[PDB]
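What follows are structure tokens for two forms of the same protein chain, given separately as structure 1 and structure 2.
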Structure 1
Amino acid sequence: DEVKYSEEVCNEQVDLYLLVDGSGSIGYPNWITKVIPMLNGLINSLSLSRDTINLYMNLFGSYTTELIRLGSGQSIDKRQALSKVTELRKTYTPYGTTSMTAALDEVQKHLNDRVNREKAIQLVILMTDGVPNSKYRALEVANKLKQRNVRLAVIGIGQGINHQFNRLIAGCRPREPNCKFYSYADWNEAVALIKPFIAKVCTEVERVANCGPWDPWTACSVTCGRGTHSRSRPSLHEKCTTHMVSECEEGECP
């Protein structure tokens, strides 16, 4: 005993975790002339809203710093997110070590705590020169994320980019032209790289829900002649029928 229904699946919800390398290897001139415009062009291409893309943003250096939480004003309003980038241009100087594993671990923590939206595509954008505090540890956590169906895109930034590491953590194959998971040019190429990951595509599918067993049919409304009775059941799903009335006859009336 189940119920079938039609619905549209568009995958419009995306939790996008932007992890930004703010470590000392990035280089200040690179930060100003390349990273900031990268962030502006990238975030400007993201049509954030309550119902679709929600941005999370972390800056990782010696420590990790959570800049934007999923669901807040700055998470769902592109203009507010761009203000954060401006704040970083004016007040942040890249310095220190590179807590890439800890930053990826913040994504893990979202999944573990069930803070993400269950129906949302989980998308990590890792923006880095690819020189983490520990290569093995960063690969390990990235691989754990992938095994939980999290998509990972890598954007190369910084004065001295380790493309080999970036390509490895992104999952790029050797002898393969134009990896779909790694980009290291300008914001235009980054935007184009991200697009297929977040595209809304609507299909119409059928769905099945289990409504469970019915309660016993009640006694007939009349003890003689033609009457009615009913059976009920708790709603285990929105589109499950909960009540049901049929006719009955307890003989004839004298």
Structure 2
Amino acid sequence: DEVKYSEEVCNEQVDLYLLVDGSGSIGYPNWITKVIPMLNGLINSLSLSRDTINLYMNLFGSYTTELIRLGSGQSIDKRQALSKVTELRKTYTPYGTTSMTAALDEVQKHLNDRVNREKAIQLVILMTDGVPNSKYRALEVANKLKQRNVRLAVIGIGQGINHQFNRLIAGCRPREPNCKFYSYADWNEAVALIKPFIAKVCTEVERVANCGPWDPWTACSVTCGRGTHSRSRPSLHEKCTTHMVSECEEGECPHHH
């Protein structure tokens, strides 16, 4: 049989994959005046913690660089993620081509290897000017991610943004105003874009677990008259009953004395 119990279910777990375009087309001046402030305001708005939002961060250009792994100290502690941004401001100058497909493939690899948290919202934030090394290859992997229930938000950065491609990879529809998947203003707009993707929702549900079969009833405690016997079973779940006692009779006892 089965056991029923109540529990509260929220969507507080979010695995957030921040993919940052560091290619030459972004440009150094844009890196400093636009990209770094965008990353700061974005990350400053995120409530990181072990049990809630976990940050992953990748820098893509000629190559890809995994900067922050899911679950690490820098992944779950806001101040530490911000220090990584500071390191990028001070020591990284954009150069090279744009390995956008490879960065998105890192997210695929997480899902494939089951590195993500099973119950977590999967959210990719892609910051780019929208000029990848291969247009179709980038669209293809983004599409595969969406098919696996990954949410994708695109933030436009860089001196020369291709809004057509950014909107395309974000899944914006032609003729529709206010695409909910693409922002190209400041960090405030980007934060407001991200908000509905990660808003907390708590509901009260009823849960069910299979307790498994019982072992056979034991013999009666007495060999005549009234007694008790029991049956047991392994605990296949915390809520499951494992022992059970009942009455039993073995005819009548003799009259003596």
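For numbering, take structure 1's sequence and count from 1. Note that the rigid core is defined as the largest set of C-alphas that superpose within 1.5 Å between two forms.
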item: Entry of 191, 70, 32, 222 that shows, once the rigid core is matched between structure 1 and structure 2, a C-alpha shift of 2 Å or more; value: 222
item: CA of residue 51, rigid core aligned, shift of 2 Å or more between structure 1 and structure 2; value: no
item: Residue 41 C-alpha moves between structure 1 and structure 2 by 2 Å or more, core aligned; value: no
item: Core-superposed C-alpha of residue 200 shifting 2 Å or more between structure 1 and structure 2; value: no
item: Between structure 1 and structure 2, how far the Cα of residue 212 shifts once the core is aligned, in Å; value: 4.1
item: Core-fitted comparison between structure 1 and structure 2 - CA shift at residue 249, Å; value: 2.7
item: Once the two forms are fitted on their core, CA shift of residue 154 between structure 1 and structure 2 in Å; value: 0.1
